[PDB]
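To start, the structure under review is shown below, and the notes come after it.
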Protein chains: 2
Amino acid sequence: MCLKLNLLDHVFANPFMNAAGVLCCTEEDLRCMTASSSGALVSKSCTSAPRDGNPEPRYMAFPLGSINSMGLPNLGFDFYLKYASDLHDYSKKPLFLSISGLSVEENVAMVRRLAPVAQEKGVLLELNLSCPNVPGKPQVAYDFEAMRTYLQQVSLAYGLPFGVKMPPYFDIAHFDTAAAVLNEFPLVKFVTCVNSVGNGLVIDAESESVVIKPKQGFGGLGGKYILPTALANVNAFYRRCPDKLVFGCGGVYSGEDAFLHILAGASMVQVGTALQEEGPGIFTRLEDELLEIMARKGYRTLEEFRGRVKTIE
Amino acid sequence: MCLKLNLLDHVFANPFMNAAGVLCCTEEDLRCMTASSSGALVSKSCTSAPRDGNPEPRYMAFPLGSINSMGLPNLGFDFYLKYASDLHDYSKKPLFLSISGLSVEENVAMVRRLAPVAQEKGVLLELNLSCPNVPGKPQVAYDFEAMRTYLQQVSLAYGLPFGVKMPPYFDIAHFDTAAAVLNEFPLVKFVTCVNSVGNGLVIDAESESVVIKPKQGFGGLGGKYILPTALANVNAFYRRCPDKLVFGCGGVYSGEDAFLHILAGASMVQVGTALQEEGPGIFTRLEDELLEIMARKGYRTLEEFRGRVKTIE
Ligand SMILES: Cc1cc2nc3c(=O)[nH]c(=O)nc-3n(C[C@H](O)[C@H](O)[C@H](O)COP(=O)(O)O)c2cc1C
Ligand SMILES: Cc1cc2nc3c(=O)[nH]c(=O)nc-3n(C[C@H](O)[C@H](O)[C@H](O)COP(=O)(O)O)c2cc1C
C-alpha cells in the first residue's frame, strides 16, 4: 500500500499540497513547505510588481471555516521566478508557480519570462482566473469570452503545459460551457477546482459589526462551509474533461475529506483554511488517516478508487 | 414588548414564516402552518398542472444542513388558488402564494387568474426565478435578459404589487446588474434572498455513493453551510434597492441568526431546513430567543436595528 503517484512527467510521494496563498509568500514560507511531509508545494499568486494588499483586518477564522479579502499581497514576479530558478531543491518535491495578473497583458508579460525557466527546471504553471477580492475586478472565469481570450493569449505566449485555477459554479449550463472552453486548449493539462466561494459576509452578533475591513466586509469563504460545493465542481469537470487531470481544493480537514475528493476525480488534493489554522504538521496526519481508510477498504493504490463515486440506479 | 410589525398594507404578529416548499404542499400542511406561532405562511411553488417531481430519494439532512432535488412536486395551481380564495382564515395571519412556471407563458397564465383573488382577498404573490432542480432548466435569474422578460410580462398581466425569490450571487458586478434590473419595475415591492445554493454534491464515505438519486446526485444546499452567503445577498440588495423591502432566507436556526438577518436588512425572516428538521414548534423558540437578545441590548422595536450593521472605518 502506498500514496505514490506520477503525473505531468513528475514523481510525487503523496497527493497532498498547500492551496495557493497559504504558507507560500516569503522565502521562509517556501522553505517551511519544502521541509514538510507534503508531496508538492505552490507559490503565492503573483503580479508584475510587489503589492501590499488590502487593509487589516483581512482574514478571520471560525469553527466552520474562514473569510478573507487579502488583495493579492505578494513579493512580485521577479522574486518567485528567482526562487524557482536558483533556490528551490527539486530533489525534495515538485514546485508549482501561481500567477494572477490584473489584465491579459500582465499575464502574457510574466509567461514570456517564465518559459525558459520552466523548460530548464520543470517548474509547473498554475494560472489564476478566479480571484474574488480585488476591488473593481470580477472573477475572470465568470465571463466566458474573457476566459477564452486569456487562454488563447497565454497558450500562444507560453507554449508549454500549464494548469488553470477555477472559481466555483452553481449552474449545470455554466459547468457545460466552461469545460467546453477548456477543452479547446491542448496545453491546459490540469484544472484546479475550486477557489474561494466569493463575496460572503460574516457579522459578529455582540459588536453588531462585520469582521473584515475591505469591501464593506465582503470576502471569499473557505473550509467546512464549502465542501459539497468543491466536490460538485471536482466531479463536474472530471466528467466533462476526460483527457485532462483535475486537482481538488476546498473543505479538506481529514483523510476522509481527501478520500471523498479522490472518489469525485481528484489527482492532487490541496489544503487551505485547515493548513492556515493547524500548521504544516497537518500533512503527516492527512497521510496517516488516508492510508487507514485505504487499508480498511482493501485499496492498495490511488488508481483503484479515483473517479469511482457511485450514482443511484 | 411584542414583535408585531406592518408591511405591504398587512399586519404581522412577528417577522417569522416558513421558506417556500417546507411544510406547505397539502391542505394539511397549510392548516398546520396556520395553527403555528409564525407571523405568516407561504405555499409550495406551483405549476399550471399537478407534478409528481423527481425520483426518490430526493432530500437528505446532515449536521451542517441539507441537500435536495425535489423537482417542483405540487398539487397544481388550481388547488393553491382555491386554498387562497375559499379556505384560508385571513384573521389568523397573512398568506403568500408562490408560483414557479417552466416558461414565461406559464407564469402569465397563472397571474391572470390570481389577480381577481389578490384584489378580493389580499393574498400576496412570490414569483420564483431561482429553482435549481428541474433537468434542462437553468436558474432564470442567472440569465439577465430572461429575467427582464419575465418581469415585464408578469407586471403587465398582473398589474398588482408582488415579490421575487432570488438565487444567490457571488460577484459584485452580478449584484450591480441584478439590482438594476429589479429597480426597473415599480410593482416589485419585496425581494427574497436567497433560494438554495445550487448544484452541490454530498457523498457518503462508507458506501462510496452520492446520497440523492436525481441529476447524478447534484442538488441545492441549505442550512448551516449557507448563512454567510445568505447574509451577503440580503445586505447587497438592501443597499442597492433602497425603495423596496428585502426578506431574508438561509441558515436560520436561532433567534441570534434572525438578529443577524435583520441587522443586514431583512424585514421578514424565512425558515427552511431548520423547520423541516425540528417541526413547527421552532417558531415559539425563535420568538423567545429574539426577544431576549433585544432586551439585553436595549432595543424596543425591530426598526431600531434593521439594516444597521456596522462596517470598519
Ligand atoms: C489567506 C488566503 C489567501 C489565498 N490566496 C490565494 C491566492 O494567492 N491564489 C489562489 O488561487 N487562491 C488563494 N486562496 C484560495 C485558496 O487557494 C483555496 O482555493 C480556498 O481557500 C478554498 O480551500 P479551503 O477550503 O481549503 O480553504 C487563498 C485563500 C486564503 C484563505
Ligand atoms: C424540501 C425543500 C423544498 C423547497 N421548495 C422550494 C420551493 O417550492 N420554492 C422555493 O422558492 N424554494 C424552495 N426551497 C428553498 C427554500 O425556500 C430556501 O430558499 C432554502 O432552503 C434556503 O433556506 P434554509 O437554509 O433555511 O434551508 C425548498 C427547499 C427545500 C429544503
Side-chain angles (χ1 to χ4, degrees), chain A residues 18-25 42-46 58-59 61 65-70 72-74 98-100 126-133 165 167-168 192-197 219-227 229-230 248-253 257 270-276, chain B residues 18-25 42-46 58-59 61 65-70 72-74 98-100 126-133 165-168 192-197 219-227 230 248-253 257 270-276:
Chain A
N18 65 304
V22 179
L23 195 57
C24 60
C25 295
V42 55
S43 59
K44 171 69 194 181
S45 289
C46 66
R58 61 199 190 178
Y59 173 88
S66 71
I67 186 168
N68 91 78
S69 182
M70 305 305 283
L72 290 173
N74 76 101
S98 177
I99 75 173
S100 193
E126 185 176 85
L127 176 64
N128 184 357
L129 301 179
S130 42
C131 178
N133 293 325
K165 180 74 170 284
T192 306
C193 301
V194 292
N195 214 313
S196 316
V197 172
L221 308 171
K224 309 273 181 182
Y225 291 117
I226 80 164
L227 183 61
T229 296
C249 189
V252 176
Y253 292 78
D257 301 331
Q270 314 185 334
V271 187
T273 296
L275 174 63
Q276 179 57 215
Chain B
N18 66 304
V22 176
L23 194 59
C24 62
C25 294
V42 58
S43 61
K44 169 72 195 179
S45 288
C46 66
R58 65 195 185 183
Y59 171 89
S66 69
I67 188 168
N68 92 77
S69 181
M70 307 306 286
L72 292 171
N74 77 100
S98 176
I99 74 174
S100 192
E126 186 175 269
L127 174 69
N128 185 356
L129 299 188
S130 47
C131 177
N133 298 318
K165 181 78 167 283
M166 300 292 284
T192 304
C193 301
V194 294
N195 213 318
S196 309
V197 170
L221 305 171
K224 308 274 184 184
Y225 291 117
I226 77 162
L227 180 61
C249 189
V252 178
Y253 290 76
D257 300 331
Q270 313 189 332
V271 187
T273 297
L275 173 59
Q276 177 61 211

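No hydrogens, no waters, no symmetry mates; every other heavy atom, side chains included, goes into these values. Chain naming here is simple, since letters A, B, ... match the order of the sequence lines and numbering starts at 1 in each. Order of listing sets the numbers, starting from 1, for every ligand and every atom in it.
Using a 4.0 Å cutoff on heavy atoms, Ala274(B) does not count as a contact of ligand 2. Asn74(B) does not count as a contact of ligand 2, since none of its heavy atoms falls under 4.0 Å from the ligand. Under a 4.0 Å heavy-atom criterion, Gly250(B) is in contact with ligand 2.
Nearest-residue assignment for atom 19 (O) of ligand 1 (options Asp257(A), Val197(A), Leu221(A), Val194(A); heavy-atom criterion): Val194(A). Among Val42(B), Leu129(B), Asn68(B), the residue whose heavy atom lies nearest to atom 31 (C) of ligand 2 is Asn68(B). For the residues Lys165(B), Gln276(B), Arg58(B), the heavy atom positioned nearest atom 12 (N) of ligand 2 is part of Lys165(B).
Considering only heavy atoms from C-beta on, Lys165(A) stays 4.5 Å or farther from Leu127(A) through its side chain. No side-chain heavy atom of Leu221(A) sits less than 4.5 Å from a side-chain heavy atom of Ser196(A). Using a 4.5 Å heavy-atom threshold, the side chains of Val194(A) and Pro167(A) count as separate. Annotation: side chain of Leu227(A) is not in contact with side chain of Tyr225(B) (no heavy-atom distance under 4.5 Å). When side chains are defined from C-beta on, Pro73(A) counts as touching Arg58(A), because their heavy atoms get closer than 4.5 Å. At a threshold of 4.5 Å between non-hydrogen side-chain atoms, the residues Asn18(B) and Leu23(B) do not count as touching. Residues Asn128(B) and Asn195(B) have side chains in contact (heavy-atom distance under 4.5 Å, counting atoms from C-beta outward).
Of all protein heavy atoms, the one lying nearest to atom 22 (C) of ligand 1 is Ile226(A) CD1, 3.8 Å. Protein heavy atom closest to atom 18 (C) of ligand 1, with residue, atom name and distance, is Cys249(A) SG, 3.6 Å. Closest to atom 9 (N) of ligand 1 among all protein heavy atoms lies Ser45(A) OG, 2.8 Å. Considering only non-hydrogen protein atoms, atom 21 (O) of ligand 2 sits nearest to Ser196(B) OG, 4.0 Å. For atom 8 (O) of ligand 1, the nearest non-hydrogen atom of the protein is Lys44(A) NZ, 2.9 Å. Taking atom 15 (C) of ligand 1 as the reference point, the nearest protein heavy-atom neighbour is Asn195(A) OD1, 3.5 Å. Nearest protein neighbour of atom 26 (O) of ligand 1, counting heavy atoms only, is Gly272(A) N, 2.9 Å.
Once rounded to the nearest 0.5 Å, the distance linking SG of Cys249(A) with CD of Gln270(A) reads 4.5 Å. To the nearest 0.5 Å, the span separating OG on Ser100(A) from CG on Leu72(A) amounts to 5.0 Å.
Which parts of ligand 2 touch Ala19(B) is read off a 4.0 Å heavy-atom cut-off, strictly below it: atoms 16 (C), 17 (O). Interface of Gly222(A) with ligand 1, defined as ligand atoms under 4.0 Å from a residue heavy atom, comprises 25 (O), 27 (O). For ligand 2, the atoms lying closer than 4.0 Å to a non-hydrogen atom of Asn128(B) are 9 (N), 10 (C), 11 (O).
Here's the thing with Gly251(A): one of its N/O atoms is less than 3.5 angstrom from an N/O atom of ligand 1. Inclusion of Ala20(A) in the set of residues having an N or O under 3.5 Å from an N or O of ligand 1 is warranted. Here's the thing with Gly223(A): one of its N/O atoms is less than 3.5 angstrom from an N/O atom of ligand 1.
The backbone and the side chain of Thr273(B) each have at least one atom closer than 4.0 Å to an atom of ligand 2 (non-hydrogen atoms only).
Using a 3.5 Å distance cut-off with no hydrogens or angles, the side chains of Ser66(A) and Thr273(A) do pair a donor with an acceptor. Remark: the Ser98(A) side chain and the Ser45(A) side chain contain an N/O donor-acceptor pair separated by less than 3.5 Å.
Side chain of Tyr253(B) to backbone of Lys224(B): a donor-acceptor contact under 3.5 angstrom is found.
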